[PDB]
Ligand SMILES: OC[C@H]1O[C@H](O[C@H]2[C@H](O)[C@@H](O)[C@@H](O)O[C@@H]2CO)[C@H](O)[C@@H](O)[C@@H]1O
């Protein structure tokens, strides 16, 4: 019979790819369908380029793709419209904001699988040791805490110890970190939903200069090459007070044998001042049936399975990844494992989106401009004021003649 082939999450990021292959195998065993799992690179932008090779070729060699929240506007021609396959009631079981995101010119491109939001991870043992009772609410507090704890831990002999790790590599993860910096300083959304390119302002420039100030001081010099996992590995070894990352890091840090098991909490990222908005960049992944799949019915069945209550439950409980079904946030087992899902649900609901809706199919070009200009501030090549001016100009060229 058919072999249903899935290009799914990466085995290079935590347990995601191992787990996803397990889920696909479980579906194949349940239904008596042969399956194959095709692995992917760690970084989202590398995955997009890989999958574009298959799409350009109209390739039947992958049936189901796991796609980023920022992709529907790019990938829609390559997606089978799922709308006819779901009842209205079935679709309403997902958060409507994500279903809207996944719907392009009426085409339901993909089902919501897991959501994501940037959060602050903090070592609670170390805050207590150094006389702090709460995690930082402002970026200045984060810097002050990081300086004090670093000084102490270095003096105590840990030469590997840093105050803060984050994603500073030039890739899509930096666009996520940078949107959080800019929005949390009152600097806007880089490109507003209305199309206004707003990033050339003093608040956005300040946010970027602040981030530069961390590099080689409270964050490692090498943070300019860090993606999710490079940040996570410094943190997980016990060598960072703070980390910015996504929810998946939580289950991994609690695993038996983790040096930091039981020693951390999570909270919203800090902001410049009490009247700035909280920033948590919206992330998350969706499930797309290929327009080029020879087996649409089987592929849809697999996608509905992976997006189901019990598979999302398993993702929440085992991998601390955020469901796209509101019902799961009241499930007793989800909440007993991850109590912080309730504490931060409003942070996740208020997450700030990258400008993928307004940039549509040009989003990847926009994002490459963002991360390259931000990276130039981090590396010290440019100051934030010049970088936001230069980024404004770049994005203006990219979006010229694009209407949404
Ligand atoms: O790097 C930006 C990218 O980060 C997140 O995707 C991670 C995800 O959290 C992991 O659990 C895993 O699946 O790998 C992903 C790719 O690194 C966001 O979900 C995604 O929206 C964002 O673009």
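Numbering (the entry's author numbering), first residue to last: 3 to 406. Note that the Cβ used here is the ideal one computed from N, Cα and C, for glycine as well.
**Report entry** Sub-8 Å separation of residue 66 and residue 5 beta-carbons
**Finding:** As a working mapping, residue 66 is identified with position 64 in the chain shown. As a working mapping, residue 5 is identified with position 3 in the chain shown. Taking 8 Å as the Cβ cut-off, residue 66 and residue 5 do not qualify as a contacting pair.
Query raised in the report: Taking Cβ positions, are residue 104 and residue 74 nearer each other than 8 Å?
Result: Position 102 of the chain shown, counted from the start, is the residue given in the question as residue 104. Position 72 of the chain shown, counted from the start, is the residue given in the question as residue 74. Yes, they are a contact pair.
Query raised in the report: Near residue 182, what residues of its chain come up, given a Cβ to Cβ distance below 8 Å and the 5 sequence neighbours on each side ignored?
Result: To locate residue 182, count along the chain shown from 1; it is residue 180. So the qualifying residues of the chain are 120, 246, 271, 281, 282, 283, 354.
Query - Outcome for residue 98 when other beta-carbon atoms lying within 10 angstroms are tallied against a minimum of 16 - result: Position 96 of the chain shown, counted from the start, is the residue given in the question as residue 98. Exposed is the call here.
Report task. Ignoring anything shorter than 3 residues or poking outside the region 146 to 196, list the beta strand (DSSP E) runs there in chain order. Result -> Runs of the beta strand (DSSP E) lying entirely within the region 146 to 196, each at least 3 residues long, are 164 to 167 in chain order.
Requested in this report: Please classify residue 27: is it buried, with 16 or more other beta-carbons within 10 angstroms of its beta-carbon, or exposed?
Outcome: Counting from one through the chain shown, the residue named residue 27 turns up at place 25. Residue 27 is exposed by the Cβ-count criterion.
**Report entry** Identity of the residues DSSP links to residue 288 by a beta bridge
**Finding:** The residue you call residue 288 lines up with position 286 of the chain shown. BP columns for residue 288 point to 69, 114.
Query raised in the report: Beta carbon of residue 117, beta carbon of residue 100: below 8 Å?
Result: Residue 117 sits at position 115 when you count from the first residue of the chain shown. Residue 100 sits at position 98 when you count from the first residue of the chain shown. Yes. Within cutoff.
Query raised in the report: Quick one: any contact between the region 192 to 206 and the region 220 to 228, if contact means 3 or more CB pairs under 8 Å?
Result: By the Cβ test, the region 192 to 206 is not in contact with the region 220 to 228, since fewer than three Cβ pairs between them sit closer than 8 Å.
Report task. Along the beta strand (DSSP E) that carries residue 56, what are the first and last residues, could you check? Result -> Your numbering for residue 56 matches position 54 in the chain shown. Taken as a continuous stretch (DSSP letters only), residue 56 belongs to no beta strand (DSSP E), being part of the alpha helix (DSSP H) at 46 to 58.
Report task. List the whole-angstrom C-beta distance separating residue 69 from residue 287, where the pair is believed to meet the contact cut-off of C-beta under 8 Å. Result -> If you number the chain shown from 1, residue 69 lands on position 67. If you number the chain shown from 1, residue 287 lands on position 285. So it is a contact: roughly 7 Å between Cβ atoms.
Report task. Name the residue from 115, 86, 161, 40 whose alpha carbon lies nearest to the alpha carbon of residue 326. Result -> Within the chain shown, numbered from 1, the residue matching residue 326 stands at position 324. The option with the nearest alpha carbon to residue 326 is 115.
Requested in this report: Answer yes or no: the CB of residue 72 versus the heavy atoms of ligand 1, is any distance below 7 Å?
Outcome: Your numbering for residue 72 matches position 70 in the chain shown. Correct: residue 72 has its Cβ closer than 7 Å to ligand 1.
Query raised in the report: Does ligand 1 have even one heavy atom less than 7 Å from the beta-carbon of residue 21?
Result: On the chain shown, residue 21 is found 19 positions in, with the first residue counted as 1. False, no ligand heavy atom lies under 7 Å from that Cβ.
Requested in this report: Return the residue from the list 324, 84, 51 that minimises the CA-CA distance to residue 299.
Outcome: On the chain shown, residue 299 is found 297 positions in, with the first residue counted as 1. Ranking the options by Cα distance to residue 299, first place goes to 84.
**Report entry** Length of the line joining the Cα atoms of residue 406 and residue 361
**Finding:** The residue given as residue 406 occupies position 404 in the chain shown. The residue given as residue 361 occupies position 359 in the chain shown. So the alpha carbons of these two residues sit roughly 7 Å apart.
**Report entry** Candidates 187, 200, 398, 241: closest to residue 277 by CA position
**Finding:** As a working note, residue 277 is residue 275 in the chain shown. Taking only the C-alpha atoms, the option nearest residue 277 is 187.
Report task. With distances taken Cα to Cα, identify the nearest neighbour of residue 382 among 398, 367, 212, 369. Result -> Within the chain shown, residue 382 is the residue found at index 380, counting from 1. Closest by alpha carbon: 212.
**Report entry** residue 314 versus residue 170: straight-line alpha-carbon distance, rounded
**Finding:** What you label residue 314 is simply residue 312 of the chain shown in a count that begins at 1. What you label residue 170 is simply residue 168 of the chain shown in a count that begins at 1. Using only the alpha carbons, I get a separation of about 30 Å.
Query - Which of helix, strand or coil DSSP assigns to residue 64 - result: Position 62 of the chain shown holds residue 64. Note: residue 64 maps to coil in three-state DSSP.
Requested in this report: Inspect the CB distances between the region 30 to 45 and the region 9 to 17 and report whether three or more fall short of 8 Å.
Outcome: yes
Query raised in the report: Where does residue 80 land, buried or exposed, given buried means 16+ other C-beta within 10 angstroms?
Result: What you label residue 80 is simply residue 78 of the chain shown in a count that begins at 1. Buried.
**Report entry** C-alpha distance - residue 420 paired with residue 400, whole-angstrom precision
**Finding:** There is simply no residue 420 to check, as the chain begins at 3 and stops at 406 in what is shown.
Query - Straight-line gap, residue 144 to residue 189 (C-alpha atoms, nearest Å) - result: Within the chain shown, numbered from 1, the residue matching residue 144 stands at position 142. Within the chain shown, numbered from 1, the residue matching residue 189 stands at position 187. Distance between the alpha carbons of residue 144 and residue 189 is about 19 Å.
**Report entry** residue 8: CB within 7 Å of a non-hydrogen atom of ligand 1
**Finding:** To locate residue 8, count along the chain shown from 1; it is residue 6. No, ligand 1 has no heavy atom inside 7 Å of this Cβ.
Query raised in the report: How should residue 175 be labelled, buried or exposed, when 16 other C-beta atoms within 10 angstroms of its C-beta is the threshold for buried?
Result: The residue labelled residue 175 in the question sits at position 173 within the chain shown. Result: buried.
Query raised in the report: Would you say residue 268 touches ligand 1, meaning its beta carbon is less than 7 Å from a heavy atom?
Result: The residue given as residue 268 occupies position 266 in the chain shown. Because no heavy atom of ligand 1 lies under 7 Å away, the Cβ of residue 268 does not count as near it: no.
Report task. Please name the residue, chosen from 54, 82, 63, that lies closest to residue 303 on a Cα-to-Cα basis. Result -> As a first step, residue 303 must be located in the chain shown, where it is residue number 301. Here the closest residue by C-alpha is 82.
Query raised in the report: Where do the ends of the beta strand (DSSP E) carrying residue 262 lie?
Result: Walking along the chain shown from the start, residue 262 turns up at place 260. Segment: none, residue 262 is in no beta strand (DSSP E) and carries neither H nor E.
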